[PDB]
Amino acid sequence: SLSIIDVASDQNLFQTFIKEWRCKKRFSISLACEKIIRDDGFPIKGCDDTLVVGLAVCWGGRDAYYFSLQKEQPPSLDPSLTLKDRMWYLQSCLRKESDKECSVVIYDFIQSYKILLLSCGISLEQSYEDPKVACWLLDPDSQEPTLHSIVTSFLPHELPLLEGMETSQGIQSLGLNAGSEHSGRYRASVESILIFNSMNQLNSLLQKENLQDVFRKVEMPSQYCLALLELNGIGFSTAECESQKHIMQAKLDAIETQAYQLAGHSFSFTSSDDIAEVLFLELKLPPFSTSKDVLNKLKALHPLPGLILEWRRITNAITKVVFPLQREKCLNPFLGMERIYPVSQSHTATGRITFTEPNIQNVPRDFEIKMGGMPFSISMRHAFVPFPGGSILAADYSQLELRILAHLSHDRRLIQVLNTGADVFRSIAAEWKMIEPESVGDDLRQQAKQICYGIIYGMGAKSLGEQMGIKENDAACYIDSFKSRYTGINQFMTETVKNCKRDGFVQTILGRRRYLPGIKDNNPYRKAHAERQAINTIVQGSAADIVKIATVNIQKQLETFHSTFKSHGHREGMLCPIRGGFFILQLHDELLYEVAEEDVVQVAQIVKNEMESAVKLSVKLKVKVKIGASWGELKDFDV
């Protein structure tokens, strides 16, 4: 039967609860947030509307222990239990002793870790288990889990507990979601019971699939590193952004006025229909699609397609990068600067990490605008700055996916190239554009990068032709030459497709499985798509495993040499200059840290050493470190 024990209603019940809690090796917690220093709970950073009023603990059955964090105002509070006394006993039960294996189960661990630190001044110090991450680990292509989907799949007999609790079908924790008519006490108590029991079932399934070691040693520690990143945020300068915006907007104005004179009338740059009417009906250019690929061919024949492409590039930087950054910026009064607080997203097909609100991974590379034949550099990344005195440190793996592919295919030709061979992208660009390596621009090297990974991951002659600007036949010859020169790779492609067809899945270097039932499909497209996913998932997923291990191992090292706070949040939630390195961004094969001037040499050594040691392959994991006053102005730094 569902029972909620209000432990703070009676001194005697409270101590019995505290004694039992202190001996538990496993329990769930769920935070109780409701809509409105206050007597009735702890304000949440970023929401003037909602309070943490308590939390619920579960360690078996359908008993929730509700632990109130209200000074005044379920039976009422025993007044001998001061809030200060409760906060003591709370911090005591949520922090590890020496040689004590202790696991806390939290739905949306990251959001809960942050609220406990910033709102209640409590830093969790135990092993963490998030059922959302366990779901992902069992099927990475599953829809993002909700409490409702977890209970549906893993605890279906308890679905009645969720009847009339419609917010259980949203992504946000039932306890944290104060946009309900149900009390935080009831919501957190139900969640605590559903999550504890759900996690027992998820742990049995992880053990059956042999993913429990991955879950405890890589994925949950990776979530802890991402919690520190989300507490840290990334520094942002508005002055740099505005000055770039003004140059961009001037170019957009000139492009529009010239486009409209060539067209003969106004047209919307955002309507494919309008652009198609102008290009194909009203100018009779040869084709109706208005894609990048189409306009890229046609720019050789008339100026308007090129103007369209530049309009979309610059409009993208203004409306999808500047507008959201200058809206999501937040004053940090301790560091004395604006920062952006993006949200990590780990539920991906291959185990990459991405970001939302906003997605800082998508901030444009440097690009050039010409006006009156004078070039202006647009560096959106230059707006992302360290705290005063600090530096940005970036460490990137050199061709990690190629090194992993070499290791798994034992391809002797690819190993030679990686051992000595110059930049492969520059080599391809040179051969293609009839030049020696040195002339390649950034844009052209990116085109060659797309060609090289494209071919490796099963790009066809029609598409390679559009990209290289050559006939399908010439592209098909290029594909054959690749396959002939690197026969190891081609054997590994056929051996991976054969093994996928048999098993219904592929596995990464750490044992994670992706299910590709399209592999058996009779439809030629769906079959070929699955075969391409099979090959790409093993290499891209393996790379994502290595970067996670690197991230986790760097964080351990930083915290040993840590005579200082493990995140900027740990100073906010505390209430003496900044020392150490702060994880600020992940870019798939690249880690960014914000580092105090004094510590950049030591942090650069730790980061490089730990990234190069993450795993042992047939080939060396090469790491380049760069350093600078912004993400946009990073310079090579020999470590």
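In this text, residue numbers run from 1 along the sequence as written.
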Indicate whether the chain is continuous between residue 73 and residue 74 or, if not, how many deposited residues are absent from the coordinates: none, 1 to 3, 4 to 9, or 10 or more. 10 or more
If I compare the deposited sequence with the modelled residues, how many are absent between residue 575 and residue 576: none, 1 to 3, 4 to 9, or 10 or more? 10 or more
Mean Cα B factor from the PDB record: higher for 480-488, or higher for 133-141? 480-488
Comparing 439-447 with 227-235, which has the greater mean CA B-factor as deposited? 439-447
The largest CA temperature factor among 370, 513, 329, 352 is found at 329
Kindly indicate the residue among 210, 348, 98, 189 with the greatest C-alpha B-factor in the PDB record. 98
Binned into thirds over the chain's modelled residues, the C-alpha B-factor of residue 460 lands in the middle
Looking at the C-alpha B-factor of residue 160, is it in the lowest, middle or highest third of its chain? middle
CA B-factor placement of residue 311, once the chain's modelled residues are sorted into thirds: lowest
Can you tell me which third, lowest, middle or highest, the CA B-factor of residue 54 falls into for its chain? lowest
Just say lowest, middle or highest third for the CA B-factor of residue 8 relative to the other modelled residues in its chain. middle
